[PDB]
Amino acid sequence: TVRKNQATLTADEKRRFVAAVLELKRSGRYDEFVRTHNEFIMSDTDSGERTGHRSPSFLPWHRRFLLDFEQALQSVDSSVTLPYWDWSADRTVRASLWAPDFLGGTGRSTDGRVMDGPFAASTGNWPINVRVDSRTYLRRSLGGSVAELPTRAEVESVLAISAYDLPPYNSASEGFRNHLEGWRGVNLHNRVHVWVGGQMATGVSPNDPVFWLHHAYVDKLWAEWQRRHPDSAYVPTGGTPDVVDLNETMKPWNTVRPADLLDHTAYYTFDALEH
């Protein structure tokens, strides 16, 4: 099972991807995911227990979380795989991904409501049930809140960091993870969420299908870093309170350890990598 660059997808592949996701929405399986992510993003704190974000397990956790989602898709169409969005290379709104036959474009100014694509509120196929405010439609504002998305140069700058993570193992940390995540440095992952706008910029970001393509790239980045730093690996290596150590099992599964997710190749591979 190969995850391809969203830019390389064929009309066929996009038809099966979009259809797979709408079924997940229709069955009620999709909302379960939005509800789970919100759970951790709203519970994870720098001062306390942190699993999904602002912590070293931000990468393995989203890797397993995405594994769940892709498998739910494969249960609707076993030919569908989760594609990534290299927002570094595909920076404008004229990217395939935002075409009406894929995710649709940005939202209208008046209220930020998405008007085209399969996930527009007018299709009736994409209602926002897991919300933070009364609005039930998909919203976006590509490049509205923030200038631009990270650049190839910037990404390489982060991938260059040899330390996976470092104490206090949070959003103040130095090292690869936190820079990838964004709370510090050039800022990659967080900014993308800010650049999309709409729900992606809120605690119910998975409401936007782009969430998975985005995180599929953050996932590919960790893999590319891993390749760059074979001598470097996951930390903490045990005993760290409130933090997920190499061999502890993360919530909500309580059956998977960051150690079980270091090598993605056990579950999938990418169309192409780097250098």
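Residues carry their position along the shown sequence, with the first being 1.
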Seminar exercise, completed: Once average C-alpha B-factors are taken from the entry for 41-49 and 22-30, the winner is 41-49
Exercise. If you average the CA temperature factors over each stretch, which comes out higher, 233-241 or 211-219?
Worked result: 233-241
Exercise. According to the deposited entry, which of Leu166, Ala89, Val158, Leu138 has the largest Cα B-factor?
Worked result: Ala89
For this session: Choose from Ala172, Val93, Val196, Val186 the residue with the greatest Cα B-factor as stated in the PDB record.
Result: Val93
Seminar exercise, completed: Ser162: C-alpha B-factor third of its chain, per the entry, is the middle
For this session: Determine, from the deposited record, the chain-internal third of the Cα B-factor for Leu9: lowest, middle or highest.
Result: middle
For this session: Select lowest, middle or highest to describe the third in which the CA B-factor of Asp116 falls within its chain in this entry.
Result: middle
Problem set entry | Chain-wide C-alpha B factor ranking for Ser57, given as lowest, middle or highest third | lowest
For this session: Please place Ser109 in the lowest, middle or highest third of its chain by C-alpha B factor as given in the entry.
Result: highest
